[PDB]
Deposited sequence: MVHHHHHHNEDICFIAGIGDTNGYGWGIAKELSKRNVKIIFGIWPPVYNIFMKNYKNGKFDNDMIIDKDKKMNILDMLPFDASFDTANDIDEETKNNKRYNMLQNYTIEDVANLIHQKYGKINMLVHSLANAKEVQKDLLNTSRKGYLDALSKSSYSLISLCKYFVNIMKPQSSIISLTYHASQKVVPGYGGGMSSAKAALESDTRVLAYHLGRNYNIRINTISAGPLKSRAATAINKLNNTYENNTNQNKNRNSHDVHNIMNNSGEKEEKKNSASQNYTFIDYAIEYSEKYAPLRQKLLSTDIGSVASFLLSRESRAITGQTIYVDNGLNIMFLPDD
């Protein structure tokens, strides 16, 4: 059992919570880390910062990974030469697939745990074409392409999950930049992918619609997350605090053979908030 986790940058997000829970079932974890935060994440690892947070994880490997790039030929010269990518290799999608396959053979688990939008702070009406396409490229297409290259290094009857948010289905003002659009496309693509992957590969794919968690990404939005969290803890059917390991144990289930008959689905792990119409 080996899982590649694409999109972890610290211990405060869903990626880490998923890693933690998979470790409990003795799953081998490989981190794919965005080069802008790659070095600091490494430094904190060896300097034992995450030691309190790993309570012990089985981290097979930690690789540079940028889901903007499908192959080495896609890397633009500027990025190629950038201070933070300098200096790094094999971080495209095709490249990490190959690298992982060489080091470890075929894997059976894949987690898409990333999203990005340059103009998330703008509302949809005010988002540029460029910002909107960026959101879809990094948050949605990246999943499709992740699948395309990893299906060849995955066995049957492997499993894939991604993370989404209810703003795709119902209006959440402030979730801007085309992020709502990107989540809607990703939830749709999850179905279409589940069809092709199931038929041709006997591989499963689902997505988890998570509730609010105060992560790096969540703060990128101009107190929105604080309100989100506070509103959820007040109005959700379940009033417990939502933890990243709550999503993690659900991710672990979806990735395991116990969920062998579930595919193409959007599964809500949000203390039930999604079921509410009117505040209390």
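Deposited sequence positions missing from the model - stretches, numbered from 1, in order: Missing from the model are residues 1-10, 66-70, 238-279, 338.
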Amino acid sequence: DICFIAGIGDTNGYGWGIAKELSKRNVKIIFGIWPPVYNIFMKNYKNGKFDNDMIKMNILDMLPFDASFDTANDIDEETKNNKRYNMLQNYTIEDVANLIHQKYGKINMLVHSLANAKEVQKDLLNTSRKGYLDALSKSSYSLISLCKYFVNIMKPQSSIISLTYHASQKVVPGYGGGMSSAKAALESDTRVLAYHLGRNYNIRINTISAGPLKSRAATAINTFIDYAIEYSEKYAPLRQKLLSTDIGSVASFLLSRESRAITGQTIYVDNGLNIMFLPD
From here on, numbers count along this sequence of modelled residues.
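The term rigid core refers to the most C-alpha atoms you can superpose between the two forms while keeping them within 1.5 Å.
Core-aligned Cα RMS comparison in 6 other deposited structures of this protein - stretch that moves more, 71-79 or 196-204: When 196-204 and 71-79 are compared in 6 other deposited structures of this protein, 71-79 lies farther out.
Stretch with larger C-alpha RMS deviation in 6 other deposited structures of this protein, core superposed, 162-170 versus 80-88: Once the core is superposed, the stretch further away in 6 other deposited structures of this protein is 80-88.
Check: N222 without coordinates in a third or more of other entries: Yes; at least one third of the other entries leave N222 out.
Residue stretch of maximal mean CA temperature factor, 166-174 vs 73-81: Higher mean C-alpha B-factor in the PDB entry: 73-81.
Residue range whose averaged C-alpha B-factor is higher in the record, 137-145 or 101-109: Comparing averages over the C-alpha atoms only gives 101-109.
Identity of residue with top Cα B-factor, from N200, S181, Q157, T207: Among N200, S181, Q157, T207, the highest C-alpha B-factor in the entry belongs to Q157.
Member of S188, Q89, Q121, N126 with the greatest C-alpha B factor (per the PDB record): In the PDB entry, the greatest C-alpha B-factor among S188, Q89, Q121, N126 is found at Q89.
Modelled-residue ranking by C-alpha temperature factor, third containing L254: Lowest third, going by the recorded CA B-factors of the chain.
Within-chain third of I5 by Cα B-factor, per the entry: Answer is middle: the recorded C-alpha B-factor places it there.
Ranked C-alpha temperature factor of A236 among modelled chain residues, by third: For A236, the deposited C-alpha B-factor lands in the lowest third.
Assigned third (lowest, middle, highest) for the C-alpha B factor of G32: It belongs to the middle third of the chain when residues are ordered by C-alpha B-factor.
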